[PDB]
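Each remark here refers to the structure printed beneath this line.
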Amino acid sequence: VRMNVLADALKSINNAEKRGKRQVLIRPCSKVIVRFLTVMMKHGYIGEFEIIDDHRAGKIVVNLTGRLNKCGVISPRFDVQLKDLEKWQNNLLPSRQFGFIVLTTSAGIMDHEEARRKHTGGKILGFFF
Amino acid sequence: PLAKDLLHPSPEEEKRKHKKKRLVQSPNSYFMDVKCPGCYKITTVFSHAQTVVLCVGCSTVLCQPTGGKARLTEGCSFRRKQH
Amino acid sequence: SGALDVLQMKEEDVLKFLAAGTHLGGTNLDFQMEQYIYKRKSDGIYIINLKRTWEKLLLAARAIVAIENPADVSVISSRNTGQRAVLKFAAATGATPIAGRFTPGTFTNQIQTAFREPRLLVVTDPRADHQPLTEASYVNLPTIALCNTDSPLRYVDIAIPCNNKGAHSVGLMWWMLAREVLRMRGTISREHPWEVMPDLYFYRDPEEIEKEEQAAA
Amino acid sequence: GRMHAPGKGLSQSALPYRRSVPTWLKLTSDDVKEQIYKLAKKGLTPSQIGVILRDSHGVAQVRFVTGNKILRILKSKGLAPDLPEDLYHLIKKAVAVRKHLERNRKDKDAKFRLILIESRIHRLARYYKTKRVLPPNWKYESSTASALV
Amino acid sequence: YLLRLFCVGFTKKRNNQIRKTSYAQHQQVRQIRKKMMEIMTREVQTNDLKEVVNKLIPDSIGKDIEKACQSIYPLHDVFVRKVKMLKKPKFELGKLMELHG
RNA sequence: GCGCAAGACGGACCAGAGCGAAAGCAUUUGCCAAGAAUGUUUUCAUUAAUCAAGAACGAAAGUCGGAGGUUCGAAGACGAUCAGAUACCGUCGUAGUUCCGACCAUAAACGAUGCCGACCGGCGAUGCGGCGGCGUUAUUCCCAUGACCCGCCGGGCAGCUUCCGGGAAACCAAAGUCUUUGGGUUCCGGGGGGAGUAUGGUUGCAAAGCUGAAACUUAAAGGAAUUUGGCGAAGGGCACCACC
RNA sequence: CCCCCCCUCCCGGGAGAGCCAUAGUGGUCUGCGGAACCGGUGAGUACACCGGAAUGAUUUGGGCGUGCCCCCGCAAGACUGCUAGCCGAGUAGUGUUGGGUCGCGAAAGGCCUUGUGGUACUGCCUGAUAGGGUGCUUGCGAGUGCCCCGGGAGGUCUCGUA
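Residue numbers (the entry's author numbering), protein chains in the order written: chain X, 2 to 130; chain c, 2 to 84; chain B, 2 to 218; chain O, 2 to 150; chain C, 133 to 233.
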């Protein structure tokens, strides 16, 4: 069955971006999805993304601008340190001028650069470039 | 389609699709009321009965259980209620 | 095309559309021609919207007159139905015709005598004539298509919804396209139409040439 | 997909988004509560109770006219049986299958379906034991076929 | 006289039909077989041999079959394919003379 | 040609059709029991997915006990073929083939492709259930009923096409969404022989099933496709160094 | 006499359940007002009565399916089955798919203006001028031909013959 809705959402938006659709659909919704899509829109890979709310299971409509290449998910839920994220970004990111690493810290869902400038770290959600 | 807008299409598009593929989630069946031509009391019945039902006063049976919607007794007046 | 006032359809163009039979389609339905078919009538026939047809005709005519070299646009015909239409259209506007056995060594082979690379290509139908589409794929060359509801759409920039089974419909559509491109270029003024003959582009079967030869002097 | 069938299905109820009392219906809570009381003392299972209410009395669902479901009302009165209805039906089906297989000896697929429904009974039994509605000394055997019918 | 009447039936393809399959469900065939057996056993148990044979020289049983069975699924070809006799009564001469006149 | 008697099997109807977990399943009728899908504004509320221990079922052939064994037919018997056949061929022919029990758990038991779940295109069909809509058929007017036709919905065997994409290519709408490498999970393999061999354990009355080596040799053994081959392969044309 | 016949062409008389229509003709729909709102009474469908309430006194016909259904009067329109003058009459008889207002269906007898213009044909056959079976043809496929009675003329219709 389905036990990782975030991996399915990221794979669906990756497939629909690679085909070239403008508005996509995600059948689950969660806190992690909506904060991940807000940090997506803040760093500027998507546009105005919508969400429908009901009493059963909300769905998310995401506008696309084509500014994404590939957007994967670390599974299972690994943990990193501050002396460790450089090892991840050297062998995972395509470059150091772009490509971001998102991670869950004590202050919430956030990317690795402001985690480096704020000096805290934790479990890692996924990646996008 | 490339820029297919899934925010608000025509209502025929949500009509032709499935009850669960619809982006706003709502079923298709409804409630109804129907009487006997030789009586005064009128009762309400669901569109899919699944049990045989007779009108109150124990005069004449009203619906019949089918695979789909319940077929009504011949010669009965009805109208769909909505809110 | 539809933003201005004079560019909308006239009153006799609807009459010519209904007389020539430019509204009925085939039997099946494609998945790219869904936005031009409005509603399926009886006998398994789908109806194109004529406002969409006139609008895309205006857009295609604008794309044709956009270039400043009249001898750089090319028209292609394969079947024997539409032959005189593209020839007299190239005589009027200034285009270059290829009618009957489009040779595959034109746009790619650069040593042959029949080597001419155009800027715009106008095909009669993609399904009946698909060889210039594949060769137009190999060079910077857009295509203009007069496609039906059963014709597949591929490598097409501007698609014209058409009923390309009758010769009168294709000839009258070519007549209106030539009329629009000469009005847009600046030869015939918009305030007066030049509508003297639409039968210049009409093709008739080889019975009627002998019949009209015996009827006329 | 199903947990014994090879195929996958899609057939279930679908409540609408509109969480409100129907304005056309004029019914209180006490009359429908004593209707639950009467139809429960007549000797019927709560699924059929919900079916007969939404069939005859025109109620959408009880949760939209009250703040609780059927079994909570029945345990508030205390007329809810000590055995759950789905487990009771599964045990009755297993008893019927074993009774048929007592006289029909060479029947392999019926024995396989008996194994499948015993697996279903075992899974529901472990669930009902770990959610503290049945005592841990309870256990289903063949000799309990006349005990919990 | 004890007989064993056999019957056969084939379904009819409509002129408007485009589907080439044209089969029938098992319960349809079961109910058609039940109606066919009841109609065929009704016309024989009530009369003697001569009368049911005189009804059998034209197609009267078959005309009843495509009269009564077209309401469930249209069928066109029913003949009584075989009639088999099993037992006869005690041999006499008046019956033999009265079948000849 | 007419009767009697025994055993086996249910053709044509039968299809790139149905059902079942698979092995498999076709005379009608009567009884019992189970189940997919469809529909649902009914109920419990996380009961979920895959699985070492352990368990059920399992074509034929094989062994133990029976009534009864048509036809076919291992081993065998007798003749022709053949330089030589104890092979192909023909006639007999035991055990077997069918039923009731008692067992081993082996196939190319192969879709040579694990299960669940999400996503990415189209076309036209068939099967089930539901749904809307012209017009015909069950004595000529209505209703839903069975059938005919036009569209829609869900699950399953699918067919055609597709520079979506993948692959060494055959090919695949999954064998895809993979160096731009991470959804969950069970079994399983590292050049080829030795060898599924010997020993040991295990089950079995019985054949064998499961588990499963070592020494030594070896630089190839293998998979896809192309170019004229070469075919007691098919289909055309020619020659008196071929024929009439 | 080419004939017992029979067939074809030309010309008339009779039934029909085709179209535009006439006399008796039955219903559906298209708008307007029930002075205006809130409940009780009695087993019956759209009924009667009251109690609240607006100017001492006087009032609105109802239903429970909250929005259209009955009972009225006005305004005329679109569609509609049978009969051939009407009652008899949709009447015996007539049907298996199941009922319904239920198809087709004469009469006997009686009574009154004393009973329709234009317009095609008709292979037996079950159910019509419809649906559904189904021919002859130059042997092969096809354009024409095929109801009862009467008069004249003729006696080998055609397109190519695997």
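For every residue, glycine included, the Cβ atom is placed at its ideal position computed from N, Cα and C.
Separation of residue j from residue i, as counted between CA atoms
| i | j | result |
| --- | --- | --- |
| C:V215 | C:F223 | 21 Å |
| O:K78 | c:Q26 | 36 Å |
| C:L207 | C:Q163 | 14 Å |
| B:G45 | B:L25 | 10 Å |
| C:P221 | C:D196 | 30 Å |
| C:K167 | C:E230 | 34 Å |
| B:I210 | B:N81 | 15 Å |
| O:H90 | C:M217 | 54 Å |
| O:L72 | B:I49 | 59 Å |
| O:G51 | O:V33 | 11 Å |
| C:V161 | C:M172 | 16 Å |
| c:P66 | X:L38 | 49 Å |
| O:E142 | O:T24 | 51 Å |
| O:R64 | C:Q149 | 51 Å |
| O:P47 | X:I34 | 39 Å |
Enclosing alpha helix (DSSP H) for residue i [first to last residue]
| i | result |
| --- | --- |
| O:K100 | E86 to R104 |
| X:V81 | Looking at the DSSP string, X:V81 is not in any alpha helix (DSSP H), and its letter there is neither H nor E. |
| X:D112 | Run containing X:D112: none in the alpha helix (DSSP H); it sits in the beta strand (DSSP E), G109 to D112. |
| X:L38 | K32 to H44 |
| B:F18 | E13 to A21 |
| B:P207 | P207 to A216 |
| O:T131 | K109 to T131 |
| O:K78 | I71 to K78 |
Candidates the options: closest to residue i by CA position
| i | options | result |
| --- | --- | --- |
| B:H131 | B:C148, B:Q111 and B:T23 | B:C148 |
| B:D6 | B:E56, B:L19, B:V66 and B:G27 | B:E56 |
| C:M169 | C:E183, C:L218, C:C139 and C:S192 | C:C139 |
| C:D209 | C:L135, C:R146, C:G141 and C:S192 | C:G141 |
| X:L65 | X:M42, X:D54, X:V74 and X:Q82 | X:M42 |
| C:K145 | C:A156, C:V161 and C:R213 | C:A156 |
| B:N164 | B:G27, B:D73 and B:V76 | B:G27 |
| B:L121 | B:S79, B:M34, B:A137 and B:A218 | B:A137 |
| X:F101 | X:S107, X:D112, X:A108 and X:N91 | X:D112 |
| B:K11 | B:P153, B:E196, B:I99 and B:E213 | B:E196 |
| c:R81 | O:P17, O:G59 and O:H5 | O:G59 |
| O:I74 | O:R19, O:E142, O:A41 and O:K109 | O:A41 |
| X:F128 | X:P95, X:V63 and X:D55 | X:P95 |
| O:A126 | O:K112, O:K109 and O:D87 | O:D87 |
| B:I65 | B:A146, B:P162 and B:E214 | B:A146 |
Terminal residues of the beta strand (DSSP E) in which residue i lies
| i | result |
| --- | --- |
| B:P98 | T97 to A100 |
| C:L134 | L134 to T143 |
| X:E51 | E51 to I53 |
| X:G127 | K124 to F129 |
| X:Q24 | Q24 to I27 |
| X:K60 | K60 to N64 |
| C:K216 | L207 to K219 |
| X:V103 | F101 to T106 |
(request) Spell out a yes or no on whether the segment 45 to 60 of chain c and the segment 70 to 82 of chain c are touching, meaning 3 or more CB-CB pairs, one atom from each, closer than 8 Å. (result) yes
(message) What ranges does the alpha helix (DSSP H) occupy inside the segment 14 to 65 of chain O, keeping only unbroken runs of at least 4 residues that lie completely in it?
(response) 31 to 42 and 47 to 53
(request) Could I get the ranges of all uninterrupted beta strand (DSSP E) runs contained in the segment 13 to 83 of chain c, with 3 residues as the minimum, in chain order? (result) 32 to 35, 44 to 47 and 79 to 81
(request) Would you mind listing the beta strand (DSSP E) stretches within the segment 42 to 105 of chain B that are 3+ residues and don't spill past its ends, in chain order? (result) 47 to 49, 74 to 78 and 97 to 100
(request) For the segment 39 to 47 of chain X and the segment 57 to 70 of chain X, state whether three or more C-beta atom pairs, one from each stretch, are separated by less than 8 Å. (result) yes
(request) Enumerate, from N- to C-terminal direction, the unbroken alpha helix (DSSP H) stretches of 4 or more residues contained entirely within the segment 116 to 187 of chain B. (result) 132 to 137 and 168 to 186
(message) I'd like to know if the segment 164 to 172 of chain B and the segment 6 to 22 of chain B are in contact, where contact means that at least 3 CB-CB pairs between them fall below 8 Å.
(response) yes
(message) I'd like to know if the segment 71 to 81 of chain X and the segment 114 to 125 of chain X are in contact, where contact means that at least 3 CB-CB pairs between them fall below 8 Å.
(response) yes
(message) With three or more beta-carbon pairs closer than 8 Å as the criterion, would you say the segment 93 to 109 of chain B touches the segment 65 to 79 of chain B?
(response) yes
(request) May I ask you to verify whether the segment 194 to 207 of chain B touches the segment 83 to 90 of chain B, counting CB pairs closer than 8 Å and requiring at least 3? (result) yes
(request) May I ask you to verify whether the segment 184 to 202 of chain B touches the segment 19 to 30 of chain X, counting CB pairs closer than 8 Å and requiring at least 3? (result) no
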